[PDB]
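Chemist:
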Amino acid sequence: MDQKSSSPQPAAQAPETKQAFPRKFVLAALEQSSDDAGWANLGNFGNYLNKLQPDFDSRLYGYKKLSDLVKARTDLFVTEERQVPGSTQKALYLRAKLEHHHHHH
Numbered sequence: 001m002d003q004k005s006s007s008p009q010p011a012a013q014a015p016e017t018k019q020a021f022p023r024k025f026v027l028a029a030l031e032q033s034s035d036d037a038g039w040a041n042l043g044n045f046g047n048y049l050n051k052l053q054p055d056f057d058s059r060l061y062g063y064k065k066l067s068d069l070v071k072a073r074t075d076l077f078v079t080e081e082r083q084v085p086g087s088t089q090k091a092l093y094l095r096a097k098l099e100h101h102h103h104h105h
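Each residue of the sequence shown is one higher than the last, beginning at 1 in PDB author numbering.
(1) Report all residues from its chain with a CB closer than 7 Å to the CB of residue 76; omit the five preceding and five following residues, and keep chain order.
(2) Rounded to whole angstroms, what is the Cα-Cα separation between residue 71 and residue 55?
(3) Can you tell me whether residue 46 is buried or exposed, with buried defined as 16 or more other CB within 10 angstroms of its CB?
(4) Please report the Cβ distance between residue 94 and residue 78, rounded to the nearest whole angstrom; I am assuming they are in contact, meaning their Cβ atoms lie under 8 Å.
(5) In three-state terms, what does DSSP make of residue 78?
(6) Please classify residue 26 as buried or exposed, where buried requires at least 16 other C-beta atoms within 10 Å of its C-beta.
(7) Can you name, in chain order, every residue of its own chain whose Cβ lies under 6 Å from the Cβ of residue 83, other than the five neighbours on each side?
(8) For residue 93, which beta-bridge partners are listed by DSSP?
(9) Buried or exposed for residue 14, please, with buried defined as at least 16 other CB atoms from any protein chain shown within 10 angstroms of its CB.
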């Protein structure tokens, strides 16, 4: 529940560290850090994720923080800002992006 904004992002920067995304461990932490409805709060996600993968660092991918990594790589992760009941600020909730059964003929 947020403002669906986007950005071209000019690739004028010199290519820094390129690392692969290990999604099995990350999604494993994500789902375990999720509430009953299947949404994980950014804070708890960044916490439980590091428990499974301490080697997983955002600067290895070129991002300022894990938060920016997730909202950028929405292909792997589903991102929404959700309002917390009784709180003044909204919290970023995350969940796993999965395919759908596709076939040939």
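Quick reminder that beta carbons are idealized off the backbone N, C-alpha and C, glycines included.
Modeler: Taking the coordinates as given:
(1) For the purposes of this step, residue 76 is taken as the residue at position 76 of the sequence shown. So the list reads 21, 23 and 97, once near-sequence residues are dropped.
(2) As a position in the sequence shown, residue 71 is number 71, starting the count at 1. As a position in the sequence shown, residue 55 is number 55, starting the count at 1. A straight-line Cα-Cα distance of about 20 Å links residue 71 and residue 55.
(3) Mapped onto the sequence shown, residue 46 falls at position 46. With 16 or more other Cβ atoms within 10 Å, it is buried.
(4) Residue 94 sits at position 94 when you count from the first residue of the sequence shown. Residue 78 sits at position 78 when you count from the first residue of the sequence shown. Contact annotation, residue 94 with residue 78: C-beta distance approximately 7 Å; criterion of less than 8 Å satisfied.
(5) Start at 1 with the first residue of the sequence shown, and residue 78 comes out as number 78. Three-state result, residue 78: strand.
(6) Counted from its first residue, the sequence shown places residue 26 at position 26. Residue 26 is buried by the Cβ-count criterion.
(7) Indexing the sequence shown from 1 puts residue 83 at position 83. The residues are 90.
(8) One-based indexing of the sequence shown puts residue 93 at position 93. 41 and 80.
(9) Here residue 14 is taken as the residue at index 14 of the sequence shown, counted from 1. Residue environment: residue 14 is assigned as exposed (fewer than 16 neighbouring CB atoms within 10 Å of its CB, all protein chains considered).
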